[PDB]
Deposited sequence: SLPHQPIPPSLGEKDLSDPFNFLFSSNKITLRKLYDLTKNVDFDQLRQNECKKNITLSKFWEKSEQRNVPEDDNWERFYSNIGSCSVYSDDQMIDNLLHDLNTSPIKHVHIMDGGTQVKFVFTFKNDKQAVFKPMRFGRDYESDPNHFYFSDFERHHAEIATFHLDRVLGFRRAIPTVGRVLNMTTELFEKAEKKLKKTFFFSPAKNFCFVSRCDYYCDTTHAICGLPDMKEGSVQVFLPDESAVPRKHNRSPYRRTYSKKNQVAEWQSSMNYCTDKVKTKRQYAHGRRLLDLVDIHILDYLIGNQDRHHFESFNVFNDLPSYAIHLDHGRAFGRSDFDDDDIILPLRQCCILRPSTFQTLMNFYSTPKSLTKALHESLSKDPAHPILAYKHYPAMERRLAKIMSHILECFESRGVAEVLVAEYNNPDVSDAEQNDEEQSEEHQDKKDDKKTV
């Protein structure tokens, strides 16, 4: 079957997820050690965030949604892992009151309204964990992977960013939790395949059709469950076009930043929004995240616009098109690091230590993913891929230093002398 059962309901893979060969380059490691061993990282980390305050203290707790919303910080989506794990557990277990077709993106997704009237975003499982994207597919043709959303949230935490949105795996009874709880116009898009599996078409721009319907085996269906963002009226948001947006066309397949190595110097460092602040440092952080997971679909950034007079940060969202290929690294994604050559000091240290201990990043990710009820979240073949991609990032960091000085790269805030 193209759409298999949730792996958690299948035979348990007992194989060693780390019986693969990886040995980090020691030359690169030591060279990255000398130019930074005397840098006062402690002083730097304290400048990466101007003012660290939450929404509750700014606006001057019945459930885990409300405590999450209140604890949304000005330099982070969340701190305190234990309450998020409580929110995750709640997202997995809370009874569903309503299911509605979600208004927004292009691929199939529902908004869950729980009994307590709180909400979440649902993205249905389609293919298995082992599935790799068609090599002929562009970034805009890939069907989203629910398990990538889960995997990235955990990885975003492991990297200490905590700017992704809490997401948990969940296996639904399509009859009781989806169909019977679905709005009428969604309800009518349900049907049975010739194999007597339960299926729904839903309605959306991207292949919500009979041919590409989501189907259970026969009646269960795993999906990613992501806590809804706080209301737009209460916590408004900004939608910003990325300067490293891809072309999204098959004819002209090469954007300027893909062909021009001076793109960062000439086209973004000189822009109003990026010349001063944290935005560019955010962009480097997110493309490091996108490169590790192979996410090519970063066309826009989403940010809260609620902490007045404080710099906003990009919310690490939309990771459905990540983890599509385990045997391919898209060096184009990490281009902003190579072109801009600035890097948040905490990120460097965080990136460090992980590299200095081979397999530690992927090990630190796996146990984190394991606590998700839908584990295994990622096929193990993606683990060596992430270690390799990490190594390239380190090499690319080394390149940034000698060309554009080491004291010019590691900054807690970015300022362009010419704006």
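query: Which deposited-sequence positions, grouped into ranges, are missing C-alpha coordinates?
result: Several stretches lack coordinates - namely 1-2, 63-70, 430-453, in sequence order.
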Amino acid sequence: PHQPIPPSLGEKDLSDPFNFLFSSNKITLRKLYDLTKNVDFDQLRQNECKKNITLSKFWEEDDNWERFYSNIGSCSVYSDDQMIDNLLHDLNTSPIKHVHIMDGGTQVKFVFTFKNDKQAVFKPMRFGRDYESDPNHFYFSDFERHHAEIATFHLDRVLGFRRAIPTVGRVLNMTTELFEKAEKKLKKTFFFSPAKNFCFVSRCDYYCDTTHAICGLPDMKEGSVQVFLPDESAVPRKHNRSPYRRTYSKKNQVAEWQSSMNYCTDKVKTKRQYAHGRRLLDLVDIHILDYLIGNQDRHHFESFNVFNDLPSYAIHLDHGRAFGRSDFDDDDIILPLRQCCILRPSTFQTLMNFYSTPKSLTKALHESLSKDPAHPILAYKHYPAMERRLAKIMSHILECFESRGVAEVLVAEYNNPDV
From here on, numbers count along this sequence of modelled residues.
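field: Mean Cα B-factor comparison, 33-41 or 48-56, giving the higher one as deposited
entry: Mean B over CA atoms: larger for 33-41.
field: 166-174 or 229-237, whichever carries the higher mean Cα B-factor
entry: Taking the mean C-alpha B-factor of 229-237 and of 166-174, the larger value falls to 229-237.
message: Sorting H146, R246, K109, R272 by Cα temperature factor from the record, which one lands on top?
response: That would be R272, according to the entry.
field: Of the residues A374, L390, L365, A379, the one carrying the largest Cα B-factor as recorded
entry: Most elevated C-alpha B-factor of the set, per the entry: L365.
task: Please rank the C-alpha B-factors of the chain's modelled residues and tell me whether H154 sits in the lowest, middle or highest third.
output: For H154, the deposited C-alpha B-factor lands in the lowest third.
- request: Please place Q253 in the lowest, middle or highest third of its chain by C-alpha B factor as given in the entry.
  value: It belongs to the middle third of the chain when residues are ordered by C-alpha B-factor.
- prompt: For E132, does the deposited CA B-factor place it in the lowest, middle or highest third of the chain?
  reply: Its C-alpha B-factor, which the entry lists for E132, ranks in the middle third among residues of this chain.
task: Would you check the entry's CA temperature factor for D290 and let me know if it's in the chain's lowest, middle or highest third?
output: Lowest third - that is where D290 ends up once the chain's C-alpha B-factors are sorted.
Chain third (lowest, middle, highest) by recorded CA B-factor, residue given as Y78: It belongs to the lowest third of the chain when residues are ordered by C-alpha B-factor.
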